[PDB]
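Undergrad: Input final-v3.csv, format and content: CSV, N, CA and C atoms and all ligand atoms.
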```csv
chain,number,residue,atom,x,y,z
U,1,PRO,N,21.1,16.7,9.0
U,1,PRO,CA,19.8,16.0,8.8
U,1,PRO,C,19.9,15.0,7.7
U,2,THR,N,20.8,14.0,7.9
U,2,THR,CA,20.9,13.0,6.8
U,2,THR,C,20.6,11.6,7.4
U,3,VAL,N,19.9,10.8,6.6
U,3,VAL,CA,19.5,9.4,7.1
U,3,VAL,C,19.5,8.5,6.0
U,4,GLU,N,19.6,7.2,6.2
U,4,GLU,CA,19.6,6.2,5.1
U,4,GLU,C,18.5,5.1,5.4
U,5,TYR,N,17.5,5.1,4.5
U,5,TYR,CA,16.4,4.1,4.7
U,5,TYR,C,16.8,2.8,4.0
U,6,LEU,N,16.4,1.7,4.5
U,6,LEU,CA,16.7,0.4,3.8
U,6,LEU,C,15.4,-0.5,3.8
U,7,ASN,N,15.2,-1.3,2.8
U,7,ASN,CA,14.0,-2.2,2.7
U,7,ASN,C,14.2,-3.4,3.6
U,8,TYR,N,13.6,-3.5,4.7
U,8,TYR,CA,13.7,-4.7,5.6
U,8,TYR,C,13.4,-6.0,4.8
U,9,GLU,N,12.5,-5.9,3.9
U,9,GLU,CA,12.2,-7.1,3.1
U,9,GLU,C,13.4,-7.5,2.2
U,10,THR,N,14.1,-6.5,1.7
U,10,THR,CA,15.3,-6.8,0.8
U,10,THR,C,16.3,-7.5,1.7
U,11,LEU,N,16.4,-7.1,2.9
U,11,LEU,CA,17.5,-7.8,3.8
U,11,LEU,C,17.1,-9.3,3.9
U,12,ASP,N,15.8,-9.6,4.1
U,12,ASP,CA,15.4,-11.0,4.2
U,12,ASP,C,15.5,-11.7,2.9
U,13,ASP,N,14.8,-11.2,1.9
U,13,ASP,CA,14.7,-11.8,0.6
U,13,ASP,C,16.2,-12.2,0.1
U,14,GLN,N,17.1,-11.2,0.1
U,14,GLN,CA,18.5,-11.5,-0.3
U,14,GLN,C,19.1,-12.4,0.8
U,15,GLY,N,18.6,-12.4,2.0
U,15,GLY,CA,19.3,-13.3,3.0
U,15,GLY,C,20.6,-12.6,3.5
U,16,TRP,N,20.6,-11.3,3.5
U,16,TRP,CA,21.9,-10.7,4.0
U,16,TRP,C,21.9,-10.5,5.5
U,17,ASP,N,22.9,-9.8,6.0
U,17,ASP,CA,22.9,-9.6,7.5
U,17,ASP,C,22.4,-8.2,7.9
U,18,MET,N,22.2,-8.0,9.2
U,18,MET,CA,21.6,-6.7,9.6
U,18,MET,C,22.7,-5.6,9.5
U,19,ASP,N,23.9,-5.9,9.9
U,19,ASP,CA,25.0,-4.9,9.8
U,19,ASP,C,26.3,-5.5,9.5
U,20,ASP,N,26.3,-6.8,9.0
U,20,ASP,CA,27.5,-7.4,8.6
U,20,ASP,C,28.0,-7.0,7.2
U,21,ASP,N,27.1,-7.2,6.2
U,21,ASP,CA,27.5,-6.7,4.9
U,21,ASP,C,27.3,-5.2,4.7
U,22,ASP,N,27.0,-4.5,5.8
U,22,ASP,CA,26.8,-3.1,5.7
U,22,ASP,C,25.8,-2.7,4.5
U,23,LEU,N,24.7,-3.4,4.5
U,23,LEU,CA,23.7,-3.1,3.4
U,23,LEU,C,23.6,-1.6,3.2
U,24,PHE,N,23.6,-0.8,4.2
U,24,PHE,CA,23.5,0.6,4.0
U,24,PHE,C,24.6,1.1,3.1
U,25,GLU,N,25.6,0.4,3.0
U,25,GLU,CA,26.8,0.8,2.1
U,25,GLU,C,26.8,-0.1,0.8
U,26,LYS,N,26.8,-1.4,1.0
U,26,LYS,CA,26.8,-2.3,-0.2
U,26,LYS,C,25.6,-2.1,-1.0
U,27,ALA,N,24.5,-1.6,-0.4
U,27,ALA,CA,23.2,-1.5,-1.2
U,27,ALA,C,23.5,-0.5,-2.3
U,28,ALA,N,24.2,0.6,-2.1
U,28,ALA,CA,24.5,1.6,-3.1
U,28,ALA,C,25.1,0.9,-4.4
U,29,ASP,N,25.7,-0.2,-4.2
U,29,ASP,CA,26.3,-0.9,-5.3
U,29,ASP,C,25.3,-1.9,-6.0
U,30,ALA,N,24.2,-2.1,-5.3
U,30,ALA,CA,23.2,-3.1,-5.9
U,30,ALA,C,22.3,-2.3,-6.8
U,31,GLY,N,22.1,-1.0,-6.6
U,31,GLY,CA,21.2,-0.2,-7.4
U,31,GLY,C,19.8,-0.7,-7.2
U,32,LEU,N,19.5,-1.2,-6.1
U,32,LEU,CA,18.1,-1.8,-5.8
U,32,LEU,C,17.1,-0.7,-6.1
U,33,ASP,N,15.8,-0.9,-5.8
U,33,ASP,CA,14.8,0.1,-6.0
U,33,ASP,C,15.0,1.3,-5.0
U,34,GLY,N,14.8,2.5,-5.5
U,34,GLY,CA,15.0,3.7,-4.6
U,34,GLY,C,14.0,3.6,-3.4
U,35,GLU,N,12.9,2.9,-3.6
U,35,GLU,CA,11.9,2.8,-2.5
U,35,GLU,C,12.4,1.8,-1.5
U,36,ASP,N,13.5,1.3,-1.7
U,36,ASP,CA,14.1,0.3,-0.7
U,36,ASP,C,15.3,0.8,0.0
U,37,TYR,N,16.2,1.3,-0.7
U,37,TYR,CA,17.5,1.9,-0.1
U,37,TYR,C,17.8,3.3,-0.7
U,38,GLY,N,18.2,4.1,0.2
U,38,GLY,CA,18.6,5.5,-0.3
U,38,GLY,C,18.8,6.4,0.9
U,39,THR,N,19.4,7.6,0.7
U,39,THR,CA,19.7,8.5,1.8
U,39,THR,C,18.5,9.5,2.0
U,40,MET,N,17.9,9.3,3.1
U,40,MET,CA,16.7,10.2,3.4
U,40,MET,C,17.2,11.5,4.1
U,41,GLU,N,16.9,12.6,3.5
U,41,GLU,CA,17.3,13.9,4.1
U,41,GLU,C,16.1,14.6,4.9
U,42,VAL,N,16.2,14.7,6.2
U,42,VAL,CA,15.0,15.3,6.9
U,42,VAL,C,15.6,16.3,8.0
U,43,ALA,N,15.0,17.5,7.9
U,43,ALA,CA,15.5,18.5,8.9
U,43,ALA,C,14.9,18.3,10.3
U,44,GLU,N,15.3,19.0,11.3
U,44,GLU,CA,14.7,18.9,12.6
U,44,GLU,C,13.3,19.4,12.6
U,45,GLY,N,12.4,18.6,13.0
U,45,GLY,CA,11.0,19.1,13.1
U,45,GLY,C,10.2,18.5,11.9
U,46,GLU,N,10.9,17.8,11.0
U,46,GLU,CA,10.2,17.2,9.8
U,46,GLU,C,9.9,15.7,10.0
U,47,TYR,N,8.7,15.3,9.8
U,47,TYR,CA,8.4,13.8,9.9
U,47,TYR,C,9.1,13.0,8.8
U,48,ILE,N,9.7,11.9,9.2
U,48,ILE,CA,10.4,11.1,8.2
U,48,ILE,C,9.5,10.7,7.1
U,49,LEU,N,8.5,9.8,7.3
U,49,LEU,CA,7.6,9.4,6.3
U,49,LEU,C,7.1,10.6,5.5
U,50,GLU,N,7.2,11.8,6.0
U,50,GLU,CA,6.7,13.0,5.3
U,50,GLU,C,7.9,13.5,4.3
U,51,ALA,N,9.1,13.7,4.8
U,51,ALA,CA,10.2,14.1,4.0
U,51,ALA,C,10.5,13.1,2.9
U,52,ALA,N,10.4,11.8,3.2
U,52,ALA,CA,10.6,10.8,2.2
U,52,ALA,C,9.5,10.6,1.2
U,53,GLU,N,8.3,10.8,1.7
U,53,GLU,CA,7.1,10.7,0.8
U,53,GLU,C,7.1,11.8,-0.2
U,54,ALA,N,7.7,12.9,0.1
U,54,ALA,CA,7.8,14.1,-0.9
U,54,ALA,C,8.8,13.7,-2.0
U,55,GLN,N,9.6,12.7,-1.8
U,55,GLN,CA,10.6,12.3,-2.8
U,55,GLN,C,10.1,11.1,-3.7
U,56,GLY,N,9.3,10.3,-3.1
U,56,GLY,CA,8.8,9.1,-3.9
U,56,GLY,C,8.9,7.9,-3.1
U,57,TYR,N,9.3,8.0,-1.8
U,57,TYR,CA,9.5,6.8,-1.0
U,57,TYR,C,8.1,6.3,-0.5
U,58,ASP,N,7.9,5.1,-0.2
U,58,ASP,CA,6.6,4.6,0.3
U,58,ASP,C,6.8,4.0,1.7
U,59,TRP,N,5.9,4.2,2.6
U,59,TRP,CA,5.9,3.7,4.0
U,59,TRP,C,4.6,3.2,4.4
U,60,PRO,N,4.6,2.2,5.3
U,60,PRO,CA,3.3,1.6,5.8
U,60,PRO,C,2.7,2.6,6.8
U,61,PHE,N,1.4,2.8,6.8
U,61,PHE,CA,0.8,3.7,7.8
U,61,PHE,C,-0.7,3.5,7.9
U,62,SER,N,-1.2,3.7,9.1
U,62,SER,CA,-2.6,3.4,9.3
U,62,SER,C,-3.2,4.5,10.3
U,63,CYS,N,-2.7,4.6,11.5
U,63,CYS,CA,-3.2,5.5,12.4
U,63,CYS,C,-2.7,7.0,12.2
U,64,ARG,N,-1.5,7.1,11.8
U,64,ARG,CA,-0.9,8.4,11.5
U,64,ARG,C,-0.9,9.4,12.7
U,65,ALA,N,-0.9,8.9,13.8
U,65,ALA,CA,-0.9,9.7,15.1
U,65,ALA,C,0.1,9.2,16.1
U,66,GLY,N,0.9,8.2,15.8
U,66,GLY,CA,1.9,7.7,16.7
U,66,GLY,C,1.2,6.8,17.8
U,67,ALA,N,0.2,6.1,17.4
U,67,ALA,CA,-0.6,5.2,18.4
U,67,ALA,C,-0.6,3.7,18.0
U,68,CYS,N,0.1,3.4,16.9
U,68,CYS,CA,0.2,2.0,16.5
U,68,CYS,C,1.6,1.6,16.0
U,69,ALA,N,1.8,0.5,15.4
U,69,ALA,CA,3.1,0.1,14.9
U,69,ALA,C,3.1,-0.3,13.5
U,70,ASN,N,2.1,-0.1,12.8
U,70,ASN,CA,2.0,-0.5,11.3
U,70,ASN,C,3.2,0.2,10.6
U,71,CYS,N,3.5,1.4,10.9
U,71,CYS,CA,4.6,2.1,10.2
U,71,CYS,C,5.9,1.8,10.9
U,72,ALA,N,5.9,0.8,11.7
U,72,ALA,CA,7.2,0.4,12.5
U,72,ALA,C,8.4,0.4,11.5
U,73,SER,N,9.6,0.6,12.1
U,73,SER,CA,10.8,0.6,11.3
U,73,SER,C,11.9,-0.1,12.1
U,74,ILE,N,13.2,0.1,11.7
U,74,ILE,CA,14.3,-0.6,12.4
U,74,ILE,C,15.5,0.3,12.4
U,75,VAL,N,15.5,1.4,13.1
U,75,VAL,CA,16.7,2.3,13.1
U,75,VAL,C,18.0,1.5,13.3
U,76,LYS,N,18.8,1.4,12.3
U,76,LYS,CA,20.1,0.6,12.5
U,76,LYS,C,21.2,1.4,13.2
U,77,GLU,N,21.0,2.7,13.3
U,77,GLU,CA,22.0,3.6,14.0
U,77,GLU,C,21.5,5.0,14.1
U,78,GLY,N,22.1,5.8,14.8
U,78,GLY,CA,21.7,7.2,15.0
U,78,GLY,C,20.6,7.4,16.1
U,79,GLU,N,19.9,8.4,16.1
U,79,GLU,CA,18.9,8.6,17.1
U,79,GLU,C,17.7,9.3,16.6
U,80,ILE,N,16.5,9.0,17.0
U,80,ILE,CA,15.3,9.7,16.5
U,80,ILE,C,14.4,10.2,17.6
U,81,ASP,N,13.8,11.4,17.4
U,81,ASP,CA,13.0,12.0,18.5
U,81,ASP,C,11.5,11.6,18.3
U,82,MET,N,10.9,11.1,19.4
U,82,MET,CA,9.4,10.7,19.3
U,82,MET,C,8.5,11.8,20.0
U,83,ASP,N,7.3,11.6,20.0
U,83,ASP,CA,6.3,12.6,20.7
U,83,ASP,C,6.0,12.1,22.1
U,84,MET,N,5.1,12.8,22.7
U,84,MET,CA,4.7,12.5,24.1
U,84,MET,C,3.9,11.2,24.1
U,85,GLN,N,4.5,10.1,23.9
U,85,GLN,CA,3.7,8.8,23.8
U,85,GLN,C,4.7,7.6,23.7
U,86,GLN,N,4.2,6.4,23.9
U,86,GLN,CA,5.1,5.2,23.8
U,86,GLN,C,4.2,3.9,23.7
U,87,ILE,N,3.7,3.7,22.5
U,87,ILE,CA,2.9,2.4,22.4
U,87,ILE,C,3.8,1.2,22.1
U,88,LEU,N,4.9,1.5,21.6
U,88,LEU,CA,5.9,0.3,21.3
U,88,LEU,C,6.5,-0.1,22.6
U,89,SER,N,7.1,-1.3,22.6
U,89,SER,CA,7.8,-1.8,23.8
U,89,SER,C,9.3,-1.5,23.7
U,90,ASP,N,9.9,-0.9,24.8
U,90,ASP,CA,11.3,-0.6,24.8
U,90,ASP,C,12.1,-1.8,24.2
U,91,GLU,N,11.6,-3.0,24.4
U,91,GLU,CA,12.4,-4.1,23.8
U,91,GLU,C,12.5,-4.0,22.3
U,92,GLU,N,11.4,-3.4,21.7
U,92,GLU,CA,11.5,-3.2,20.2
U,92,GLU,C,12.4,-2.0,19.9
U,93,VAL,N,12.5,-1.1,20.8
U,93,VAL,CA,13.3,0.1,20.5
U,93,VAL,C,14.8,-0.2,20.8
U,94,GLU,N,15.0,-1.3,21.5
U,94,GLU,CA,16.4,-1.7,21.9
U,94,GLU,C,16.8,-3.1,21.2
U,95,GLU,N,15.8,-3.9,21.1
U,95,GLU,CA,16.1,-5.3,20.5
U,95,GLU,C,15.7,-5.3,19.0
U,96,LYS,N,14.9,-4.4,18.6
U,96,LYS,CA,14.5,-4.3,17.1
U,96,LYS,C,14.7,-2.9,16.5
U,97,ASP,N,15.0,-2.0,17.4
U,97,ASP,CA,15.3,-0.6,16.9
U,97,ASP,C,14.0,-0.1,16.1
U,98,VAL,N,12.9,-0.3,16.6
U,98,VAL,CA,11.6,0.1,15.9
U,98,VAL,C,11.2,1.5,16.4
U,99,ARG,N,10.7,2.3,15.5
U,99,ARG,CA,10.2,3.7,15.9
U,99,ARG,C,9.0,4.1,15.1
U,100,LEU,N,8.5,5.3,15.4
U,100,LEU,CA,7.3,5.8,14.6
U,100,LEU,C,7.7,6.7,13.5
U,101,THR,N,7.6,6.2,12.3
U,101,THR,CA,8.0,7.0,11.1
U,101,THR,C,6.9,8.0,10.7
U,102,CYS,N,5.7,7.8,11.1
U,102,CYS,CA,4.6,8.8,10.8
U,102,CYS,C,4.7,10.0,11.7
U,103,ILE,N,5.2,9.8,12.9
U,103,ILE,CA,5.3,10.9,13.9
U,103,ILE,C,6.7,10.9,14.5
U,104,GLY,N,7.7,10.5,13.8
U,104,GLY,CA,9.1,10.5,14.5
U,104,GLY,C,10.0,11.3,13.6
U,105,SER,N,10.9,12.1,14.3
U,105,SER,CA,11.8,12.9,13.6
U,105,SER,C,13.3,12.6,14.0
U,106,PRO,N,14.2,12.7,13.1
U,106,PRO,CA,15.6,12.4,13.4
U,106,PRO,C,16.2,13.5,14.3
U,107,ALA,N,16.9,13.1,15.4
U,107,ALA,CA,17.5,14.1,16.3
U,107,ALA,C,19.0,14.2,16.1
U,108,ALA,N,19.5,13.3,15.3
U,108,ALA,CA,21.0,13.3,15.1
U,108,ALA,C,21.3,13.7,13.6
U,109,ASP,N,22.5,13.9,13.3
U,109,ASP,CA,22.9,14.2,11.9
U,109,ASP,C,22.8,13.0,11.0
U,110,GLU,N,23.6,12.0,11.2
U,110,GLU,CA,23.5,10.8,10.4
U,110,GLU,C,22.8,9.7,11.1
U,111,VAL,N,21.8,9.0,10.5
U,111,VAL,CA,21.1,7.9,11.2
U,111,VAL,C,20.7,6.8,10.2
U,112,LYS,N,20.8,5.6,10.7
U,112,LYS,CA,20.5,4.4,9.8
U,112,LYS,C,19.2,3.8,10.2
U,113,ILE,N,18.3,3.4,9.3
U,113,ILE,CA,17.0,2.8,9.7
U,113,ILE,C,16.4,2.0,8.5
U,114,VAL,N,15.8,0.9,8.8
U,114,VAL,CA,15.1,0.2,7.7
U,114,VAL,C,13.6,0.5,7.6
U,115,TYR,N,13.1,0.7,6.4
U,115,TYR,CA,11.7,1.0,6.3
U,115,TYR,C,10.8,-0.2,6.0
U,116,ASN,N,9.6,-0.2,6.2
U,116,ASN,CA,8.7,-1.4,6.0
U,116,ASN,C,9.0,-2.5,7.0
U,117,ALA,N,8.9,-2.2,8.2
U,117,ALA,CA,9.1,-3.2,9.3
U,117,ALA,C,8.0,-4.2,9.3
U,118,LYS,N,6.8,-3.9,8.9
U,118,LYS,CA,5.7,-4.8,8.8
U,118,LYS,C,6.2,-6.2,8.3
U,119,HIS,N,7.2,-6.2,7.5
U,119,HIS,CA,7.7,-7.4,6.9
U,119,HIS,C,8.2,-8.4,8.0
U,120,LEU,N,8.6,-7.8,9.1
U,120,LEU,CA,9.1,-8.6,10.3
U,120,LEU,C,8.2,-9.9,10.4
U,121,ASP,N,8.9,-11.0,10.6
U,121,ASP,CA,8.1,-12.3,10.7
U,121,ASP,C,7.2,-12.3,11.9
U,122,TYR,N,7.5,-11.5,12.9
U,122,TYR,CA,6.6,-11.4,14.1
U,122,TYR,C,5.2,-10.8,13.7
U,123,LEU,N,5.1,-10.0,12.7
U,123,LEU,CA,3.8,-9.4,12.3
U,123,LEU,C,3.2,-10.2,11.1
U,124,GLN,N,4.1,-10.7,10.2
U,124,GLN,CA,3.5,-11.5,9.1
U,124,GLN,C,2.4,-12.4,9.5
U,125,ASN,N,2.5,-12.9,10.7
U,125,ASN,CA,1.4,-13.8,11.2
U,125,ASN,C,0.1,-13.1,11.3
U,126,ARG,N,0.0,-11.8,11.3
U,126,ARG,CA,-1.3,-11.1,11.3
U,126,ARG,C,-2.1,-11.4,10.0
U,127,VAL,N,-1.4,-11.8,9.0
U,127,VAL,CA,-2.1,-12.1,7.7
U,127,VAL,C,-3.4,-12.9,7.9
U,128,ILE,N,-4.5,-12.6,7.4
U,128,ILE,CA,-5.7,-13.3,7.6
U,128,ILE,C,-5.9,-14.4,6.5
X,1,LIG,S1,1.0,4.9,11.5
X,1,LIG,FE1,0.4,4.3,13.6
X,1,LIG,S2,2.3,4.7,14.9
X,1,LIG,FE2,2.8,5.3,12.8
```
Do you think you could lay out the structure here as structure tokens?
Ligand code: FES
TA:
Amino acid sequence: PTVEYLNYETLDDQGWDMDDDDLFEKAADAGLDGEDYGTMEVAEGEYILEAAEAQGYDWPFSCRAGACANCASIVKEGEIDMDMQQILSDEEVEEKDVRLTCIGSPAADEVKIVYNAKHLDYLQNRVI
């Protein structure tokens, strides 16, 4: 039950690559904020945003029922289990690797994922 969360905003701000500089690995040498990069440990049956929230990590959330994408993320690798529902578009689960962190649990041992997907330029336009 090991995972590595990464700040999607840090990837853009720094202007790094998605998997070229191996942020999940080079990040440990940057000592960035723990709320941006770190190894998230979650057992089977435990919600990510929940296991990380008990450590000090922060995640975007609004519906908290797996019916919206505010808590959207970007799994860079591994696999996560979802509930009986699918509000996101497979394109986001395959082209953006987005998942539900409020109601999503890791089904693999090691998994990579970026937290705070709301930073995506596709949503930033929602700003009023
Ligand atoms: S907070 Fe709505 S799907 Fe996660």
Undergrad: Which is closest to residue 99 in chain U among U:120, U:30, U:74, U:114, if we use all atoms listed in the file?
TA: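 Among the listed residues, U:74 lies closest to residue 99 in chain U.
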Undergrad: Given only N, CA and C atoms and all ligand atoms as the basis, pick out the residue of U:7, U:123, U:61, U:82 nearest to ligand LIG 1 (chain X).
TA: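 Selected residue with least distance to ligand LIG 1 (chain X): U:61.
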Undergrad: With only C-alpha atoms and all ligand atoms counted, collect every polymer residue having an atom within 6 Å of ligand LIG 1 (chain X); state the result as a short mmCIF file (atom, residue, chain, number, x, y, z; two decimals) with N, CA and C atoms, keeping the file's coordinate frame.
TA:
```cif
data_model
loop_
_atom_site.label_atom_id
_atom_site.label_comp_id
_atom_site.auth_asym_id
_atom_site.auth_seq_id
_atom_site.Cartn_x
_atom_site.Cartn_y
_atom_site.Cartn_z
N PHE U 61 1.40 2.80 6.80
CA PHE U 61 0.80 3.70 7.80
C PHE U 61 -0.70 3.50 7.90
N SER U 62 -1.20 3.70 9.10
CA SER U 62 -2.60 3.40 9.30
C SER U 62 -3.20 4.50 10.30
N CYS U 63 -2.70 4.60 11.50
CA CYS U 63 -3.20 5.50 12.40
C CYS U 63 -2.70 7.00 12.20
N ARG U 64 -1.50 7.10 11.80
CA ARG U 64 -0.90 8.40 11.50
C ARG U 64 -0.90 9.40 12.70
N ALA U 65 -0.90 8.90 13.80
CA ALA U 65 -0.90 9.70 15.10
C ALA U 65 0.10 9.20 16.10
N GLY U 66 0.90 8.20 15.80
CA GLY U 66 1.90 7.70 16.70
C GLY U 66 1.20 6.80 17.80
N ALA U 67 0.20 6.10 17.40
CA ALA U 67 -0.60 5.20 18.40
C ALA U 67 -0.60 3.70 18.00
N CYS U 68 0.10 3.40 16.90
CA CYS U 68 0.20 2.00 16.50
C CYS U 68 1.60 1.60 16.00
N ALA U 69 1.80 0.50 15.40
CA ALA U 69 3.10 0.10 14.90
C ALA U 69 3.10 -0.30 13.50
N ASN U 70 2.10 -0.10 12.80
CA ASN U 70 2.00 -0.50 11.30
C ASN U 70 3.20 0.20 10.60
N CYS U 71 3.50 1.40 10.90
CA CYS U 71 4.60 2.10 10.20
C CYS U 71 5.90 1.80 10.90
N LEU U 100 8.50 5.30 15.40
CA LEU U 100 7.30 5.80 14.60
C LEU U 100 7.70 6.70 13.50
N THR U 101 7.60 6.20 12.30
CA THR U 101 8.00 7.00 11.10
C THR U 101 6.90 8.00 10.70
N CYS U 102 5.70 7.80 11.10
CA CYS U 102 4.60 8.80 10.80
C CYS U 102 4.70 10.00 11.70
#
```
Undergrad: Report, in Å to a single decimal, how far apart CA of residue 39 in chain U and atom C of residue 23 in chain U are.
TA: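 These two atoms are separated by 10.9 Å.
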Undergrad: For the alpha helix (DSSP H) assignment from backbone DSSP, which residues of range 23-66 of chain U qualify? Please present them as a list in words.
TA: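 Alpha helix (DSSP H) assignments inside range 23-66 of chain U correspond to residues 27, 28, 29, 30, 48, 49, 50, 51, 52 and 53 of chain U.
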Undergrad: What's around residue 121 in chain U at 12 Å? Count only C-alpha atoms, leave out sequence neighbours fewer than 5 positions away in its own chain, and write the answer as a PyMOL selection string.
TA: chain U and resi 8-9+12+116+126-127
Undergrad: Put those residues in a file: N, CA and C atoms, as a PDB file, in the coordinates of the input.
TA:
```
ATOM      1  N   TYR U   8      13.600  -3.500   4.700  1.00  0.00           N
ATOM      2  CA  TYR U   8      13.700  -4.700   5.600  1.00  0.00           C
ATOM      3  C   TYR U   8      13.400  -6.000   4.800  1.00  0.00           C
ATOM      4  N   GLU U   9      12.500  -5.900   3.900  1.00  0.00           N
ATOM      5  CA  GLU U   9      12.200  -7.100   3.100  1.00  0.00           C
ATOM      6  C   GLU U   9      13.400  -7.500   2.200  1.00  0.00           C
ATOM      7  N   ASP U  12      15.800  -9.600   4.100  1.00  0.00           N
ATOM      8  CA  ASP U  12      15.400 -11.000   4.200  1.00  0.00           C
ATOM      9  C   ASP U  12      15.500 -11.700   2.900  1.00  0.00           C
ATOM     10  N   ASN U 116       9.600  -0.200   6.200  1.00  0.00           N
ATOM     11  CA  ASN U 116       8.700  -1.400   6.000  1.00  0.00           C
ATOM     12  C   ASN U 116       9.000  -2.500   7.000  1.00  0.00           C
ATOM     13  N   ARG U 126       0.000 -11.800  11.300  1.00  0.00           N
ATOM     14  CA  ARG U 126      -1.300 -11.100  11.300  1.00  0.00           C
ATOM     15  C   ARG U 126      -2.100 -11.400  10.000  1.00  0.00           C
ATOM     16  N   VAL U 127      -1.400 -11.800   9.000  1.00  0.00           N
ATOM     17  CA  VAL U 127      -2.100 -12.100   7.700  1.00  0.00           C
ATOM     18  C   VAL U 127      -3.400 -12.900   7.900  1.00  0.00           C
TER      19      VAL U 127
END
```
Undergrad: Using all atoms listed in the file, which of the listed residues (U:128, U:88, U:108, U:113) sits closest to residue 44 in chain U?
TA: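 For residue 44 in chain U, the nearest of the given residues is U:108.
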Undergrad: Would you please give, as a VMD selection string, all residues of chain U that DSSP assigns to strand (DSSP E or B) based on the backbone?
TA: chain U and resid 2 to 7 38 to 41 74 to 77 80 to 81 105 to 106 110 to 115
Undergrad: Only N, CA and C atoms, please: the residues just picked out, written as an mmCIF file, in the coordinates of the input.
TA:
```
data_model
loop_
_atom_site.group_PDB
_atom_site.id
_atom_site.type_symbol
_atom_site.label_atom_id
_atom_site.label_comp_id
_atom_site.auth_asym_id
_atom_site.auth_seq_id
_atom_site.Cartn_x
_atom_site.Cartn_y
_atom_site.Cartn_z
ATOM 1 N N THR U 2 20.800 14.000 7.900
ATOM 2 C CA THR U 2 20.900 13.000 6.800
ATOM 3 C C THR U 2 20.600 11.600 7.400
ATOM 4 N N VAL U 3 19.900 10.800 6.600
ATOM 5 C CA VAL U 3 19.500 9.400 7.100
ATOM 6 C C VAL U 3 19.500 8.500 6.000
ATOM 7 N N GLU U 4 19.600 7.200 6.200
ATOM 8 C CA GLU U 4 19.600 6.200 5.100
ATOM 9 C C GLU U 4 18.500 5.100 5.400
ATOM 10 N N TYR U 5 17.500 5.100 4.500
ATOM 11 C CA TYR U 5 16.400 4.100 4.700
ATOM 12 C C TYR U 5 16.800 2.800 4.000
ATOM 13 N N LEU U 6 16.400 1.700 4.500
ATOM 14 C CA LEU U 6 16.700 0.400 3.800
ATOM 15 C C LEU U 6 15.400 -0.500 3.800
ATOM 16 N N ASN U 7 15.200 -1.300 2.800
ATOM 17 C CA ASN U 7 14.000 -2.200 2.700
ATOM 18 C C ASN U 7 14.200 -3.400 3.600
ATOM 19 N N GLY U 38 18.200 4.100 0.200
ATOM 20 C CA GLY U 38 18.600 5.500 -0.300
ATOM 21 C C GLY U 38 18.800 6.400 0.900
ATOM 22 N N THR U 39 19.400 7.600 0.700
ATOM 23 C CA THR U 39 19.700 8.500 1.800
ATOM 24 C C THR U 39 18.500 9.500 2.000
ATOM 25 N N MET U 40 17.900 9.300 3.100
ATOM 26 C CA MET U 40 16.700 10.200 3.400
ATOM 27 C C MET U 40 17.200 11.500 4.100
ATOM 28 N N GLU U 41 16.900 12.600 3.500
ATOM 29 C CA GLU U 41 17.300 13.900 4.100
ATOM 30 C C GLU U 41 16.100 14.600 4.900
ATOM 31 N N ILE U 74 13.200 0.100 11.700
ATOM 32 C CA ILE U 74 14.300 -0.600 12.400
ATOM 33 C C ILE U 74 15.500 0.300 12.400
ATOM 34 N N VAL U 75 15.500 1.400 13.100
ATOM 35 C CA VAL U 75 16.700 2.300 13.100
ATOM 36 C C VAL U 75 18.000 1.500 13.300
ATOM 37 N N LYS U 76 18.800 1.400 12.300
ATOM 38 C CA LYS U 76 20.100 0.600 12.500
ATOM 39 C C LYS U 76 21.200 1.400 13.200
ATOM 40 N N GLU U 77 21.000 2.700 13.300
ATOM 41 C CA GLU U 77 22.000 3.600 14.000
ATOM 42 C C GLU U 77 21.500 5.000 14.100
ATOM 43 N N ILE U 80 16.500 9.000 17.000
ATOM 44 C CA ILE U 80 15.300 9.700 16.500
ATOM 45 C C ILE U 80 14.400 10.200 17.600
ATOM 46 N N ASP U 81 13.800 11.400 17.400
ATOM 47 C CA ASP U 81 13.000 12.000 18.500
ATOM 48 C C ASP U 81 11.500 11.600 18.300
ATOM 49 N N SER U 105 10.900 12.100 14.300
ATOM 50 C CA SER U 105 11.800 12.900 13.600
ATOM 51 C C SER U 105 13.300 12.600 14.000
ATOM 52 N N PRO U 106 14.200 12.700 13.100
ATOM 53 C CA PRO U 106 15.600 12.400 13.400
ATOM 54 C C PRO U 106 16.200 13.500 14.300
ATOM 55 N N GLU U 110 23.600 12.000 11.200
ATOM 56 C CA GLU U 110 23.500 10.800 10.400
ATOM 57 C C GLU U 110 22.800 9.700 11.100
ATOM 58 N N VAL U 111 21.800 9.000 10.500
ATOM 59 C CA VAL U 111 21.100 7.900 11.200
ATOM 60 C C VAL U 111 20.700 6.800 10.200
ATOM 61 N N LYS U 112 20.800 5.600 10.700
ATOM 62 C CA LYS U 112 20.500 4.400 9.800
ATOM 63 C C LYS U 112 19.200 3.800 10.200
ATOM 64 N N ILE U 113 18.300 3.400 9.300
ATOM 65 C CA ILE U 113 17.000 2.800 9.700
ATOM 66 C C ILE U 113 16.400 2.000 8.500
ATOM 67 N N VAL U 114 15.800 0.900 8.800
ATOM 68 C CA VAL U 114 15.100 0.200 7.700
ATOM 69 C C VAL U 114 13.600 0.500 7.600
ATOM 70 N N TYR U 115 13.100 0.700 6.400
ATOM 71 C CA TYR U 115 11.700 1.000 6.300
ATOM 72 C C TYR U 115 10.800 -0.200 6.000
#
```
Undergrad: Neighbours of residue 18 in chain U within 8 Å (only N, CA and C atoms; same-chain residues fewer than 6 positions away dropped), as a CSV table (one decimal) with N, CA and C atoms, in the frame of the given file?
TA:
```
chain,number,residue,atom,x,y,z
U,11,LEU,N,16.4,-7.1,2.9
U,11,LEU,CA,17.5,-7.8,3.8
U,11,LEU,C,17.1,-9.3,3.9
U,24,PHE,N,23.6,-0.8,4.2
U,24,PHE,CA,23.5,0.6,4.0
U,24,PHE,C,24.6,1.1,3.1
U,76,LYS,N,18.8,1.4,12.3
U,76,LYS,CA,20.1,0.6,12.5
U,76,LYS,C,21.2,1.4,13.2
```
Undergrad: Which one of U:94, U:106, U:125, U:115 sits closest to residue 46 in chain U if you count all atoms listed in the file?
TA: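 Once distances to residue 46 in chain U are computed over all atoms listed in the file, the minimum belongs to U:106.
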